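First comes one chain, alone, set out as structure tokens in the form deposited in one PDB entry.
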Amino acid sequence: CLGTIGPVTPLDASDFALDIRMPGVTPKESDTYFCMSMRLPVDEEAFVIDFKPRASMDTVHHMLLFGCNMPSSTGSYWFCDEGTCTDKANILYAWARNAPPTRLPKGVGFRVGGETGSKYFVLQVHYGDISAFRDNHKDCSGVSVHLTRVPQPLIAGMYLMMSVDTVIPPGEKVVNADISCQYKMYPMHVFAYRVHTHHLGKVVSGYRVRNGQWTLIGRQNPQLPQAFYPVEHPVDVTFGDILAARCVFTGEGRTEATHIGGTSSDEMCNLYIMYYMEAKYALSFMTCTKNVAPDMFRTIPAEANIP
């Protein structure tokens, strides 16, 4: 816990570290999601060029940091059952125990603040085993974020791919959630990926399709720590390519149909593609919910079907 010196640490003339911590929380039941927000100190446009995790190695499972203009609650801390942000939450950072977080390359920063950038950070901390709190303890875990107002030559962004209409029948052995959009912006370069799914998902796979050629971006089992994993060969996606993604679900162990939604008993098929772009061509966020080329999913690498 910080104390009398507050959450802002000045680094030089135009740099500062902003500590985003929990306000000394104490959970009640096993598996709890706490969320809290931080207005940015600056109104001027700024660049998040670094994150440092400040979490206890014996109690925290995962951490998530978002940028949005309308956080879910105004309270000091809240339960993320009430969601994270009313508007679209732009994910900036993830932390996992078993997955050592990769760093942002130098000259690459998330554009925040200003006219159009995010006005708030929302921190989400998952406390798995509460039995690690023999007493009240009072926990102030969170993220330290490096801000600079020096324009970065490369701007980081997120290309989010998600399913909306996926319906998983009870006991059905395999249900695919296919997603596809054509890319219509300037080149992006993918360097990290994150997959998200609930308890029913078996595998999530992301590709770039160019002239009918499937180029792997990320392939992960979603039941493993859902951190940001680095891409092996850095992939460029350019005007004309089709981004395709498939989550493989199963309906086994369910009495009723499962669809896409917020609750634990609902499902999700998310692939977060963290890219970078030349600052002057850059846009911070892109989204695909469509499946514009379903016929294309015929020539999908078989590897995207087996676990």
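The term rigid core refers to the maximal set of C-alpha atoms that superpose within 1.5 Å between the two forms. Shifts are known only where both forms have a C-alpha. A residue's number is simply how far along the shown sequence it sits, counting from 1.
FYI, the form solved in complex with a small molecule isn't displayed, but the following is about it.
Residue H196 is the only one of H196, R97, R219, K119 with a heavy atom lying within 4.5 Å of the small molecule in the entry with it bound. Here is the short version: of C247, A244, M274, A46, the single residue with a heavy atom within 4.5 Å of the small molecule in the entry with it bound is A46. Although the partner is absent from the chain shown here, none of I179, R254 and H259 has a heavy atom within 4.5 Å of the small molecule in the entry with it bound.
Here the chain stands alone, but in the entry with it bound its contact with the small molecule, taken as any heavy atom within 4.5 Å, falls in 146-154 among 146-154, 129-137, 70-78, 165-173. In the entry with it bound, the small molecule sits beyond 4.5 Å of every heavy atom of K202. Using a 4.5 Å cutoff between non-hydrogen atoms, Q124 counts as a contact of the small molecule in the entry with it bound. In the entry with it bound, the small molecule stays beyond 4.5 Å of every heavy atom belonging to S37. Within 4.5 Å of any heavy atom of the small molecule in the entry with it bound lies no heavy atom of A55. Core superposition between this form and the one not shown reveals a single run of 3 or more residues with every CA shifted by 2 angstroms or more: 132-134.
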